[PDB]
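Visitor: This structure is in structure tokens; I'll ask about it shortly.
Bear in mind that the values in this text are calculations on the coordinates, not laboratory data. Note that each Cβ is placed from the backbone with ideal geometry, even for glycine, and that neighbours are counted across all protein chains shown.
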Amino acid sequence: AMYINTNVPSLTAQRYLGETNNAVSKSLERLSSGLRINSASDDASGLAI
Amino acid sequence: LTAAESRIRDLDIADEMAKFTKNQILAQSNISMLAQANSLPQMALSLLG
């Protein structure tokens with residue numbers, strides 16, 4: 001079935017691309033910082049120790 | 001007294017040298033990560049267009 005303005009695969013690709021970009025950003029931040037935890041949300045128990 | 005006063009003169013040079021080496025090593029990793037961070041995203045967008 002051929003429609004107009006039904007580009008669902010475009011939406012799927014955009015979603016997956018979004019998650020991939022977020023993962024890339026976090027990995028780059030971690031390795032540039034040279035720290036495991038950073039921020040306050042990665043691990044909730046190691047900060048106090 | 002001269003023995004007592006010559007205790008805040010300088011550290012045993014080994015630890016200062018180790019700190020210098022560690023910082024010098026870290027700087028180059030920072031530089032490389034900054035370079036790739038500059039390179040990646042805008043070029044990815046240009047590939048999209």
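Visitor: Can you tell me how many residues within the stretch B:16-49 are more than 11 Å from chain A (Cβ to nearest Cβ), assigned to a helix (DSSP H, G or I) and either over 23 Å from residue A:33 (Cα atoms) or in contact (Cβ under 8 Å) with a residue 40 or more places away in the chain (or both)?
Guide: So the answer is 3.
Visitor: Kindly indicate whether residue B:2 is on the phi < 0 side of the Ramachandran plot, of a type in the set (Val, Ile, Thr), away from every other protein chain (no Cβ under 14 Å) and over 27 Å from the mean Cα position of the chain (by Cα).
Guide: So residue B:2 fits the description; yes.
Visitor: Being exposed (fewer than 10 other Cβ atoms within 10 Å of the Cβ) and of a type in the set (S, T, N, Q) is true for just one of A:25, A:45. Which residue is that?
Guide: Unique residue meeting the criteria: A:45.
Visitor: Kindly indicate the residue of the stretch A:16-42 that is within 11 Å of chain B (Cβ to nearest Cβ) and of a type in the set (A, V, I, L, M) and also nearest to the chain's Cα centre (by Cα) among those meeting that condition. Reasoning before the result, please.
Guide: Step one: of the stretch A:16-42, the residues within 11 Å of chain B (Cβ to nearest Cβ) are A:17, A:20-21, A:24-25, A:27-34.
The next check asks that each one be of a type in the set (A, V, I, L, M); those that pass are A:17, A:24, A:28, A:31.
Details: A:17: 9, A:24: 7, A:28: 11, A:31: 15 Å.
Ranking the qualifying residues of the stretch A:16-42, first place goes to A:24.
Visitor: Let me ask you something else. What pairs come out if I take residues in the stretch A:25-49 that are β-branched (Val, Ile, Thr) and pair them with residues that are in a loop (DSSP other than H, G, I, E, B) whose C-beta lies under 6 Å away, six or more apart or interchain?
Guide: From residues that are β-branched (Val, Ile, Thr), the pairs are A:37/A:43; A:37/A:46.
Results for (1) under 30 Å from residue A:21 (Cα atoms); (2) out of contact with any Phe, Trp or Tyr (no Cβ under 9 Å at 6 or more places or on another chain); (3) surrounded by 10 or more Cβ atoms within 10 Å (Cβ to Cβ); (4) of a type in the set (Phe, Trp, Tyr), shown as yes or no for each residue.
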| residue | (1), (2), (3), (4) |
| --- | --- |
| B:5 | no, yes, no, no |
| B:8 | no, yes, no, no |
| B:15 | no, yes, no, no |
| B:21 | no, yes, yes, no |
| B:24 | no, yes, no, no |
| B:29 | yes, yes, yes, no |
| B:45 | yes, yes, no, no |
| B:48 | yes, yes, no, no |
